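Before any questions on how it binds or moves, here is one chain, the form deposited in one PDB entry, in structure tokens.
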């Protein structure tokens, strides 16, 4: 049997590919003359899959879709305080207003606009890094998240460098307020080469997936970025990535994204998917017309949204069974606050230690313990109450994939209170992830 996702994409490409509105970026001949009859799409999942269709293997310069990655690199190389001193978090469009530097926050609005992107490149490796070290760094971060060594399209680079007065203007203004210590030319050149890095629809998807998983590469399971960094990046993409798109992106689509004038759209939906779309022609706001439309279709057809409550929750509890005096509590999944909270509810429900009159309905619902949990997604937490003198509780973490420090602290505290009740607790933790 073939996977149905790739078929949906193939169908989507055929449907939306029936037309080709807008026009390629006209600012440089290499892009203006680019073949418009191309349309590809790729989805990278945490399950390590890559569902594609169309020209998802055709290279094109990433352009502004590079901004979220050099931003992550800067945060990693310098720390939040250093980066935040130069780049703000204020949602904004590209139009430059000197008041953002002279007043307000006294720094370029955010990393998604050119002024912020320029300050990010200036920040890359370190305070006194050379231009080559910084470009290498920009190329490296993107290559590491893509899973392969990427190259810069020097032809595109040279063409753009001939028509960069606006970017040079921004860089000079930044210098005058101290945001850039190096020359306008040096930083613009780095930013332009950064934008000229060649990637495929598939590359973007995987790179986006790395952000969507909270910093974990979906193909290797290796942590590429601190979750705190990946979260900041996707947060900024949400607020400003599609600032000038029709309607209101977060509300309408709910998929953090960023387009590039060469036709590539990057998407990163936390906990679910990395997205890459390629279609040369741009709409009037400057985003890939079909790339944008494809994202709106993915969001609608698959009911994907930053706001949908798809969490582990009570499923963190695989089951709770009792054998006379001892109870077996097996956990599973990616446990964080939500999962750990559910685990504590189960422990507390063992009885090893609102007003019902006010909410009669809440009591009746709570009566059918299993039904309420099903309509709520409480996993097997309700089994704990069913199990409930208990003298021993075996805590099995074999099925738990991973857990963050918050989850560890909460469960650890849960274990302490169980013992404080006079209950023996043995933790079966084969890959010892609890400590």
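Positions refer to the first chain, counted from 1.
What comes next is about the form deposited with a small molecule bound, which is not displayed.
Using a 4.5 Å heavy atom cut-off, indicate which stretch of 199 to 207, 299 to 307, 231 to 239, 253 to 261 touches the small molecule in the deposited complex. Result of the contact check: 253 to 261.
Distance check, residue 191 to the small molecule in the deposited complex, heavy atom within 4.5 Å: Yes.
Contact flag, residue 122 vs the small molecule in the deposited complex, heavy atom cut 4.5 Å: Flag for residue 122 set to no.
Taking 4.5 angstroms as the cut-off for heavy atoms, does residue 160 touch the small molecule in the deposited complex? Residue 160: yes, in contact with the small molecule in the deposited complex.
Is residue 87 a contact residue for the small molecule in the deposited complex, using a 4.5 Å heavy atom cut-off? No, no contact at 4.5 Å.
Heavy atom within 4.5 Å of the small molecule in the deposited complex - the one residue of 92, 114, 100, 332 that qualifies: It is 114 that has a heavy atom within 4.5 Å of the partner.
Could you tell me which one of 177, 96, 319, 243 places a heavy atom within 4.5 Å of the small molecule in the deposited complex? Looking at 177, 96, 319, 243 one by one, just 243 meets the 4.5 Å heavy-atom criterion.
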